[PDB]
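Peer 1: In short: position in the sequence shown from 1, add 3, done, that's the entry's author numbering.
First, the structure itself, so that you have it in front of you.
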Amino acid sequence: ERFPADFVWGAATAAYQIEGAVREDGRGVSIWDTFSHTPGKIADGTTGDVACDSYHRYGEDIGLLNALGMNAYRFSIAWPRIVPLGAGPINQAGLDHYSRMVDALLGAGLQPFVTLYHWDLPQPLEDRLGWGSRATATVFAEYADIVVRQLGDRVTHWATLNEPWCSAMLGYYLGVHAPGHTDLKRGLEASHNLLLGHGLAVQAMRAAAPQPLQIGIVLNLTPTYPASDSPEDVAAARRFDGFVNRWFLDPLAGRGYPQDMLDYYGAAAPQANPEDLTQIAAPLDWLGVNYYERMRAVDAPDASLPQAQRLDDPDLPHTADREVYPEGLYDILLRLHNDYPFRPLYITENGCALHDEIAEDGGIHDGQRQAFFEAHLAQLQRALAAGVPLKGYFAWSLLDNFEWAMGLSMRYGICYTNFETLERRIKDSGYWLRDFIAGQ
């Protein structure tokens with residue numbers, strides 16, 4: 004029942020989801036500014052123009068982290084504030100802002116865990132094909148160099164990318180995220196250039212750092228299970244597992260792209276010369292796992308690639324947007340520990356969305372979210388007992404925020420955000436986490 008004494012306990016956010024202040028202090032335009040201002044792309048007509056106003060109110064966010072007794076904060080730096088043209092001169096005012104914020108976090112006893120790329124690509128780079136162009140990978144590494152030079156005296160733990168599968172597949176193939184393209188070949192090309200950017204950035208950061216850094220990447224991983232043992236359903240599960248998980252894990256581990264997926268994608272697969280694969284496999288100091296859900300797969304030959312459909316289980320709990328399956332967290336961690344070389348591991352996101360409301364008493368009675376945390380934390384204890392080298396846990400999210408294509412309508416916070424007044428309030432599940440952590 005006890006976690007290690009030095010375990011990292013945090014909450015996580017991303018810059019475009021919380022900051023607002025989209026035109027302040029020289030910030031450039033990102034693909035998400037363009038996309039959210041495009042009619043019909045966001046479910047509720049909202050944008051990130053204001054969001055939680057955390058560019059101005061980060062002190063309130065620090066107050067919440069302190070009230071919860073956390074010891075770390077995972078947040079992202081907005082590339083458009085640092086290099087507004089994507090490739091070009093730096094904006095010193097952007098770096099100064101994050102320097103102050105880091106000092107405020109350290110002054111409060113909170114370790115910063117910084118994500119460099121959490122989806123807010125500068126629009127000028129997208130005008131030159133975005134992640135469809137190798138040049139974007141090069142200039143991403145330049146941005147990483149710039150930020151580490153100025154903040155790496157104080158921040159040791161850095162992640163290059165958050166969820167490249169989403170950036171590539173939701174942004175360039177399925178069209179539901181920015182920039183909103185709908186082309187498989189472009190999505191797979193983007194996946195390669197994201198991984199190449201990661202590898203180039205790791206090398207650049209190590210050369211630029213004023214002290215040794217602990218560099219990782221953050222992947223969303225979905226444990227996949229066949230709905231039956233038929234050859235068709237087992238193959239569907241392998242395809243889905245390749246599509247989401249192995250496509251990214253294998254090249255990072257020095258194993259190339261998985262051959263079964265290369266065969267399946269055929270001519271749409273990217274051209275990956277061996278020089279690139281060597282860069283992609285740059286050694287990492289940790290891996291971040293974002294865990295939300297499993298996939299129970301059935302063969303779906305008429306469906307779109309990867310021709311696998313989810314088989315809902317109505318007997319399991321559901322949140323506002325997902326099925327709850329805590330045991331999948333144990334399964335995926337054991338798989339990583341046994342089958343892949345990455346260690347140590349952090350859970351860089353885990354959380355749930357509910358239709359939260361303020362009750363008459365003023366609290367938010369989010370019992371399902373409390374139960375969600377309790378069940379997932381129990382699975383971490385099981386993983387630790389099996390020898391998995393897990394070093395921390397970050398709840399998604401510190402506060403309700405702009406949840407991408409769902410807008411302000413999907414509340415994932417442990418703190419409730421009133422989007423009209425910008426007041427934050429701790430939900431009951433946040434008080435449960437506070438008290439659980441204090442007991443550790």
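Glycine is no exception: its CB is placed at the ideal position from the N, C-alpha and C atoms.
Report the option in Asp232, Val151 and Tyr176 whose CA atom is closest to the CA atom of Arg209.
Peer 2: Here residue 209 is taken as the residue at index 206 of the sequence shown, counted from 1. For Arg209, the nearest C-alpha among the options comes from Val151.
Peer 1: Would you kindly report the start and end of the unbroken beta strand (DSSP E) that includes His195?
Peer 2: Reading the sequence shown from its first residue, position 192 is the one you call residue 195. Note, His195: premise wrong, no beta strand (DSSP E); alpha helix (DSSP H) at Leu187 to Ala211.
Peer 1: My guess is that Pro87 and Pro125 are in contact by the Cβ rule of under 8 Å, so how many angstroms apart are they, rounded?
Peer 2: The residue given as residue 87 occupies position 84 in the sequence shown. The residue given as residue 125 occupies position 122 in the sequence shown. Between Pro125 and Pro87 the Cβ distance is about 7 Å, and since that is below 8 Å, they are a contact.
Peer 1: Of the choices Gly390, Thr322 and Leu332, whose alpha-carbon is the least far from that of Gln373?
Peer 2: Start at 1 with the first residue of the sequence shown, and residue 373 comes out as number 370. Answer by Cα proximity: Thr322.
Peer 1: Given that a residue counts as buried once 16 or more other Cβ atoms are within 10 Å of its Cβ, and exposed if not, what is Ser194?
Peer 2: For this step, residue 194 is matched to residue 191 along the sequence shown. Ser194 should be labelled buried.
Peer 1: Who are the near neighbours of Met409 in its chain, counting only those whose CB is closer than 8 Å to its CB and skipping five residues on each side?
Peer 2: The count along the sequence shown starts at 1 and reaches residue 409 at position 406. Hits under 8 Å: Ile45, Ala46, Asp47 and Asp324.
Peer 1: Please determine whether the Cβ atom of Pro87 lies at a distance below 7 Å from any heavy atom of the ligand SAH.
Peer 2: This structure simply doesn't include the ligand SAH, nor any ligand for that matter.
Peer 1: Excluding the 5 residues preceding and the 5 following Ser79 in the sequence, name in chain order all residues of the same chain whose CB lies nearer than 6 Å to its CB.
Peer 2: On the sequence shown, residue 79 is found 76 positions in, with the first residue counted as 1. Same-chain partners within the cutoff: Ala17, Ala18, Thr118 and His121.
Peer 1: Compute the Euclidean distance between the alpha carbons of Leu287 and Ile361, then round it to the nearest angstrom.
Peer 2: Numbered from its first residue, the sequence shown carries residue 287 at position 284. Numbered from its first residue, the sequence shown carries residue 361 at position 358. Taking the straight line from one Cα to the other gives about 43 Å.
Peer 1: Just the C-alpha distance for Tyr328 and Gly29, rounded to the nearest angstrom, thanks.
Peer 2: Counting from 1 along the sequence shown, the entry for residue 328 is found at position 325. Counting from 1 along the sequence shown, the entry for residue 29 is found at position 26. Looking at the two C-alpha atoms, the distance is approximately 43 Å.
Peer 1: Do you know how far the Cα of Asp334 is from the Cα of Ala144?
Peer 2: In the sequence shown, residue 144 corresponds to position 141, counting from 1. In the sequence shown, residue 334 corresponds to position 331, counting from 1. Cα-Cα distance, rounded: 34 Å.
Peer 1: What is the DSSP secondary structure of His180, counted as helix, strand or coil?
Peer 2: As a first step, residue 180 is located in the sequence shown; it is residue number 177 there, counting from the start. If DSSP states are grouped into helix, strand and coil, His180 belongs with coil.
Peer 1: Got a sec: is the Cβ-Cβ distance from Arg77 to anything in chain B below 8 Å?
Peer 2: In the structure shown, chain B does not exist; there is a single protein chain.
Peer 1: Quick check on the DSSP output: the alpha helix (DSSP H) that includes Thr139 runs from which residue to which?
Peer 2: Here residue 139 refers to the residue found at position 136 when the sequence shown is read from its first residue. Start and end: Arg137 to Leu154.
Peer 1: Could you tell me the alpha carbon to alpha carbon distance between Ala211 and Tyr146, rounded to whole angstroms?
Peer 2: Translated into positions along the sequence shown, residue 211 becomes position 208. Translated into positions along the sequence shown, residue 146 becomes position 143. One C-alpha to the other measures close to 11 Å.
Peer 1: Would you mind sorting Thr424 into buried or exposed? The rule is 16 or more other CB atoms within 10 Å of its CB.
Peer 2: Residue numbering aside, residue 424 sits at position 421 when the sequence shown is read from its first letter. Result: exposed.
Peer 1: Closer than 6 Å by C-beta to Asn165: which residues in its own chain qualify, once you throw out the five before and the five after it? Chain order, please.
Peer 2: Position 162 of the sequence shown, counted from the start, is the residue given in the question as residue 165. Within the same chain, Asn165 has close Cβ partners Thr118, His121 and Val221.
Peer 1: I need the DSSP call for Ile417, collapsed to helix, strand or coil.
Peer 2: Reading the sequence shown from its first residue, position 414 is the one you call residue 417. If DSSP states are grouped into helix, strand and coil, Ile417 belongs with coil.
Peer 1: For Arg299, which residues in the same chain have their Cβ closer than 6 Å to its Cβ, ignoring the five residues on either side in sequence?
Peer 2: In the sequence shown, the residue the question calls residue 299 occupies position 296. Closer than 6 Å at the Cβ level, and outside the excluded window around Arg299, lie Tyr228, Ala230 and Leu314.
Peer 1: Opposite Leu222 in the DSSP bridges: which residues?
Peer 2: Numbered from its first residue, the sequence shown carries residue 222 at position 219. Its beta-bridge partners are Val292.
Peer 1: Taking C-alpha atoms, which residue in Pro127, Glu63 and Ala138 lies nearest to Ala107?
Peer 2: To locate residue 107, count along the sequence shown from 1; it is residue 104. Answer by Cα proximity: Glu63.
Peer 1: Would you report the Cα separation of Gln382 and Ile440, rounded to the nearest angstrom?
Peer 2: Indexing the sequence shown from 1 puts residue 382 at position 379. Indexing the sequence shown from 1 puts residue 440 at position 437. Whole-angstrom Cα-Cα distance: 16 Å.
Peer 1: Buried or exposed: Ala306, going by 16 or more other Cβ atoms within 10 Å of its Cβ?
Peer 2: Reading the sequence shown from its first residue, position 303 is the one you call residue 306. With fewer than 16 Cβ atoms within 10 Å of its Cβ, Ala306 is classed as exposed.
Peer 1: Distance check for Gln114 and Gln310, CA to CA, integer angstroms please.
Peer 2: For the purposes of this step, residue 310 is identified with residue 307 of the sequence shown, where counting begins at 1. For the purposes of this step, residue 114 is identified with residue 111 of the sequence shown, where counting begins at 1. Distance between the alpha carbons of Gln310 and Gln114 is about 42 Å.
Peer 1: I think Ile350 touches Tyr295, with their Cβ atoms under 8 Å apart; what is that distance to the nearest whole Å?
Peer 2: Residue numbering aside, residue 350 sits at position 347 when the sequence shown is read from its first letter. Residue numbering aside, residue 295 sits at position 292 when the sequence shown is read from its first letter. The Cβ separation is near 11 Å, so there is no contact.
Peer 1: In whole angstroms, what is the alpha-carbon distance linking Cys418 and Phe375?
Peer 2: For this step, residue 418 is matched to residue 415 along the sequence shown. For this step, residue 375 is matched to residue 372 along the sequence shown. Spanning the two alpha carbons is a distance of roughly 15 Å.
Peer 1: Give me the DSSP bridge partner(s) of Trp399.
Peer 2: Here residue 399 corresponds to residue number 396 of the sequence shown, with the count starting at 1. BP columns for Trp399 point to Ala15.
Peer 1: Spatial neighbours of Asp369 within its chain, please: C-beta separation below 8 Å, excluding the five flanking residues on both sides.
Peer 2: By one-based count along the sequence shown, residue 369 stands at place 366. Result list for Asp369: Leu357, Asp359, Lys430, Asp431 and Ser432, in chain order.
Peer 1: Taking its Cβ as the centre, do 16 or more other Cβ atoms sit within 10 Å of residue 3, making it buried, or is it exposed?
Peer 2: Only positions 4 to 443 of the chain appear in the structure, and residue 3 is not among them; the question remains open.
Peer 1: Just the Cα atoms here: how many angstroms apart are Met413 and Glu278?
Peer 2: The sequence position of residue 413 within the sequence shown is 410, counting from 1. The sequence position of residue 278 within the sequence shown is 275, counting from 1. If I take the Cα positions, the gap works out to 42 Å.
Peer 1: Note the first and the last residue of the continuous beta strand (DSSP E) segment covering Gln114.
Peer 2: The count along the sequence shown starts at 1 and reaches residue 114 at position 111. Taken as a continuous stretch (DSSP letters only), the beta strand (DSSP E) holding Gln114 covers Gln114 to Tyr120.
Peer 1: Please determine, among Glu406, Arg346, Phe405 and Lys394, the residue with the shortest C-alpha to C-alpha distance to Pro7.
Peer 2: On the sequence shown, residue 7 is found 4 positions in, with the first residue counted as 1. The candidate whose alpha carbon is nearest that of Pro7 is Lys394.
Peer 1: Assign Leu67 to buried or exposed, taking buried as 16 or more other Cβ atoms, counted over all protein chains shown, within 10 Å of its Cβ.
Peer 2: Locating residue 67 in the sequence shown gives position 64, where the first residue counts as 1. With 16 or more Cβ atoms within 10 Å of its Cβ, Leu67 is classed as buried.
Peer 1: What is the DSSP secondary structure of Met298, counted as helix, strand or coil?
Peer 2: Numbered from its first residue, the sequence shown carries residue 298 at position 295. Here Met298 sits in strand by DSSP.
Peer 1: Does the Cβ-Cβ distance between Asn74 and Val11 come in under 8 Å?
Peer 2: Start at 1 with the first residue of the sequence shown, and residue 74 comes out as number 71. Start at 1 with the first residue of the sequence shown, and residue 11 comes out as number 8. Contact: yes.
Peer 1: Are the beta-carbon atoms belonging to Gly219 and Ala162 less than 8 Å from one another?
Peer 2: Position 216 of the sequence shown, counted from the first residue, corresponds to residue 219. Position 159 of the sequence shown, counted from the first residue, corresponds to residue 162. Yes, Cβ-Cβ distance for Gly219 and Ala162 is below 8 Å.
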